[PDB]
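First, one chain by itself: the form deposited in one PDB entry, in structure tokens.
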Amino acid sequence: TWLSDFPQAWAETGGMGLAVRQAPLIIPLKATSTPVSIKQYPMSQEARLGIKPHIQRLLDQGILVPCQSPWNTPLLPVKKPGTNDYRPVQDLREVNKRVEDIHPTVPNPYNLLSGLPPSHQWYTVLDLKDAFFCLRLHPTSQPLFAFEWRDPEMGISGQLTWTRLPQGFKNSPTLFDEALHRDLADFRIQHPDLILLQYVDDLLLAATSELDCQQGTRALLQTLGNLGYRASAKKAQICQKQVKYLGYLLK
């Protein structure tokens, strides 16, 4: 029902998202910042073999594109549940220390979770899949996140960079959080009887009745889907009395 009625709301049924109302982001640098190119430490063909499918997908999705940049940061093969299942992790620390910092306005629901009265006991918890990737990166700021990739029997060979906000970038959480707040501001005003808490990509909708959480939830999915975002159907806690939000269990 939830999936079938809102295919564009889930990653499982609508594919990767793209925030339709968010203009490409330009990344301001610190005044004295100049390009830094960190050589890629040779990777075992194994680690490279595991990472190939992920790069290939990103490349197929257009999230990654070839490029030539005076900037370059190392790609690290991270090990997690899965033998030859290496995960591509970029070390953007040298880029991060050269990028201008931003100062949020985030009430921080993590603490503002206390701003959820017992008056609202019906919940719906959603987490957006690949949130950061929904925000586009302006072509002028794309060269900043380049890394090297060489694969003979694949096609390309040299540098690739991101066309979307990257994981590992210090301002991604804050930039995504601001964008989502701007996009859901209307939803809030239109649903004054609902309580919506949002922390980066983690959403919690609370209402005073079962019917309200139901209709409110249907309305949230519609909005997210129309906006281009994608919720994870597998981790979704739809219309529950007891839920897990930000590591905190709610009764």
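For clarity, a rigid core is taken as the largest C-alpha set superposing within 1.5 Å between two forms. Numbering starts at 1 and runs along the sequence shown.
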Is residue 136 unresolved, in the sense of carrying no coordinates, in at least a third of the other compared entries? no
What about residue 81, left without coordinates in a third or more of the other entries of this protein that model its neighbours? yes
Which has the higher mean CA temperature factor in the PDB entry, 97-105 or 79-87? 79-87
As stated in the PDB record, which stretch has the larger average Cα B-factor, 204-212 or 64-72? 204-212
Comparing C-alpha B-factors across 194, 185, 220, 47 in this entry, the winner is 47
Can you pull the Cα B-factors for 121, 172, 159, 140 from the entry and say which is highest? 121
Here the Cα B-factor of residue 28, set against its chain, lands in the third termed lowest
Lowest, middle or highest third of the chain for the C-alpha temperature factor of residue 13? middle
Which third, lowest, middle or highest, does the C-alpha temperature factor of residue 42 belong to within its own chain? highest
Can you tell me which third, lowest, middle or highest, the CA B-factor of residue 22 falls into for its chain? lowest
Looking at the entry's B-factor column for C-alpha atoms only, identify whether residue 153 ranks in the lowest, middle or highest third of its chain. highest
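Same protein, other form: the form deposited in another entry, not shown, and the subject of what follows.
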Displaced residue between the shown form and the other one, judged on C-alpha after the rigid core is fitted, out of 130, 178, 85, 91 (threshold 2 Å or more): 85
